[PDB]
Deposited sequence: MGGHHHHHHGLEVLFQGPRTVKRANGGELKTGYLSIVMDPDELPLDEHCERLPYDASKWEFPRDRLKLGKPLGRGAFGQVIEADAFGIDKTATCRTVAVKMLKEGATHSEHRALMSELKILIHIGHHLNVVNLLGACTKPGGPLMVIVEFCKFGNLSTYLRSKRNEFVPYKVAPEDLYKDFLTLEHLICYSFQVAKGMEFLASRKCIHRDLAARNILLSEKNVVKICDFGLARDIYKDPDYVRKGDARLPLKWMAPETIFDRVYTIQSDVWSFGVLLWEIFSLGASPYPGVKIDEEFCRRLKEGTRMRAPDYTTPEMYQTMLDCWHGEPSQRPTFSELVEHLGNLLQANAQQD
């Protein structure tokens, strides 16, 4: 049903309103790289007056790199188009502008998120965590981050988009404990990153993928719910790697379809662990929706206080 169909499958027909989004290249001061893949990269920049008149703003710019071809260039343009269609939400990395004019590289300019990816950040805070000390993480923070990602994903779903690589490495942490969903995409070196496992010609985030995705190449909002459950485990393990000590092979995939699930992580509550189990239902339609996750996590956040 084309009304169920994720926008992004048909990105090429979406509009690029240059009068709204185009940002002069001479108003962008490029700085240090923030991430590089084989074909893409993100670099830090200072943008003069991109979102507020005459004010310097630190931003992140996604662009291509040596190795990329015309097809990566097309892909980045369609990424720009989907970000415009999606629009602004607190809990999604916000598009600020683009440089698309001939003579320079295509640049997709988004907000800079001070503390980087959530996995790395949580893993740095094992010694600065208490369940209930300024700058210490607490159980409240962790539940709050969970709630925030569910809000951003509910928003993504409302825009008829799905994620396909939802994981703590694709959550950014800003000031004031705001987390933002992103997708590094081409700016991540998936061939060097052990989170992506060779499967055919592709390198795939198998530990985050729902059984229907692994076996039938089916991507839906409900397979995103499965990944959200894995993200929850990452949050409540303070950034540990999923399925610890487990070879990700055909027998891993088999046991998963059979019903094997991860054990509770070190910092979880019982109801957070049950929520992970819910997200990991074998049948996609029996998983909670993001709207249901929002309501439930909102209740947990309230109960925690």
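> Mind pulling out the bits of the deposited sequence that never got modelled, as residue ranges from 1?
Residues lacking C-alpha coordinates: 1-38, 171-177, 351-353.
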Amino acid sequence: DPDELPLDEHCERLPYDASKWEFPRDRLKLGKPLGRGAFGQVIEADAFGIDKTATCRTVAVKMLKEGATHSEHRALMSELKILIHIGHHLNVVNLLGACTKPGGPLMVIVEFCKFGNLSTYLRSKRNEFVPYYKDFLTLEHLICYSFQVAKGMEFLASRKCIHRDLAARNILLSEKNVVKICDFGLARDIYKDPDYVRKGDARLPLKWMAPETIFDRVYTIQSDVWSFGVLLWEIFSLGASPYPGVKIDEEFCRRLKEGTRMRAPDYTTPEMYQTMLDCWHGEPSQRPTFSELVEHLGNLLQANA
From here on, numbers count along this sequence of modelled residues.
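Take the two forms, superpose them, and find the largest set of C-alpha atoms that agree within 1.5 Å; that set is the rigid core.
> Core-superposed in 5 other deposited structures of this protein, which stretch deviates more in Cα positions, 97-105 or 168-176?
Evaluated in 5 other deposited structures of this protein, the stretch farther from the shown form is 97-105.
> Do the Cα atoms of 40-48 stray more than those of 53-61 in 5 other deposited structures of this protein, or is it the other way round, with the core held fixed?
Larger mean C-alpha displacement, comparing 40-48 and 53-61 in 5 other deposited structures of this protein, is found in 53-61.
> For residue 161, do at least a third of the other compared PDB entries give no atomic coordinates?
No: coordinates for residue 161 present in every compared entry.
> Report, as yes or no, whether residue 196 is left without coordinates in at least one third of the other compared entries.
Yes, left without coordinates in at least a third.
> Mean Cα B factor from the PDB record: higher for 8-16, or higher for 290-298?
If you average the C-alpha B-factors of 8-16 and of 290-298, the larger mean comes out for 8-16.
> Averaging only over Cα atoms, indicate whether 143-151 or 117-125 has the higher B-factor in the PDB entry.
117-125 has the higher mean C-alpha B-factor.
> Pick out which of 97, 87, 131, 229 has the highest C-alpha B-factor in the PDB entry.
Of the candidates given, the C-alpha B-factor peaks at 131.
> Report the option among 81, 160, 188, 207 whose CA atom has the maximum B-factor in the deposited record.
Most elevated C-alpha B-factor of the set, per the entry: 160.
> Of the three thirds of its chain by CA temperature factor, lowest, middle or highest, which one includes residue 260?
For residue 260, whose C-alpha B-factor we compare with every modelled residue in the chain, the answer is the highest third.
> Comparing against every modelled residue in the chain, figure out the third that the C-alpha B-factor of residue 61 lands in (lowest, middle or highest).
It falls in the bottom third of the chain.
> Quick check on the deposited entry: does the C-alpha B-factor of residue 39 sit in the lowest, middle or highest third of its chain?
Ranked within chain, residue 39 CA B lands in the middle tercile.
> Would you mind ranking residue 221 by its C-alpha B-factor against the rest of the chain and naming the third, lowest, middle or highest?
According to the entry, residue 221 has a C-alpha B-factor in the chain's middle third.
> Taking the entry's C-alpha B-factors for this chain, is residue 238 in the lowest, middle or highest third?
For residue 238, whose C-alpha B-factor we compare with every modelled residue in the chain, the answer is the lowest third.
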